[PDB]
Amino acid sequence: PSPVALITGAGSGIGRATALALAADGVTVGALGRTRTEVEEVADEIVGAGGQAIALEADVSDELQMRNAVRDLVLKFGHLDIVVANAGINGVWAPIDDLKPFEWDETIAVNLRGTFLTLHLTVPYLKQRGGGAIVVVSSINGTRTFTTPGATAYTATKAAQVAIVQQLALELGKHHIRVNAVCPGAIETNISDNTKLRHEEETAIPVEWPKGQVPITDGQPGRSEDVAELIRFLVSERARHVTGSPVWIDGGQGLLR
């Protein structure tokens, strides 16, 4: 009765490392991403080590592509058990009056609508399967951290996410669906690191950390496999009493920023 997971934003970072992690537990993985070739490459690697995997190309904020990806995946394997809502962008960070409506919309569409679409379309199958496990990947931003220069839209979306998670934990417990949130700090790259960041000087409260600001690793970002490991635990039956909890994975950086 081998378990099935949809993992979004699987083409890289945490999503990718998550996909490997779970494949290694013999979870068969639907790896959905915005770029065919990246998601093909991870599905390949998974099959290369004798796993099961479909690459699914889709834009997470698009209703039709998503329905088509979900239907596709259930058809190939028969059931759905595990969902990781990981797709997100940072989008534009800029002064509240410089951030344009259309660029606000875009961060809301991928990060926020994508979460709604992802769940709406998968919850039916989970309900039918008799239960499963959901994790949505949020952030320290909007939960513990409010300093990332002009990141309001992102922040808004990331706070929304943990709220969705707790609402649904309750809605879905009677259906034996566990819903958790995972909140990373900087993974792989600096917290501030966005090429669509504009006008840092206006938004940043200036600050120097002579000894880094990620205490457990001595200033260094956490790594994709770290988040992977956590999601792997939370989607397993080892976490069978855990629902509607966030879990911060920031090496202490949340408490700092």
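One-based numbering along the sequence shown.
- Checked against the record, the higher mean CA B factor of 6-14 and 21-29 lies with 21-29.
- A summary of the deposited B-factors shows that, of 164-172 and 87-95, the stretch with the larger mean C-alpha value is 164-172.
- As recorded in the entry, 54 carries the highest CA temperature factor of 205, 216, 227, 54.
- Among 133, 74, 181, 156, the highest C-alpha B-factor in the deposited entry belongs to 74.
- For residue 82, the recorded CA B-factor ranks within the middle third of the chain. Only modelled residues enter the ranking.
- Among all modelled residues in this chain, the alpha-carbon of residue 186 has a temperature factor (C-alpha) in the lowest third.
- For residue 120, the recorded CA B-factor ranks within the middle third of the chain. Only modelled residues enter the ranking.
- Among all modelled residues in its chain, residue 151 ranks in the lowest third by Cα B-factor.
- Annotation for residue 126: C-alpha temperature factor in the highest third relative to the rest of the modelled chain, per the entry.
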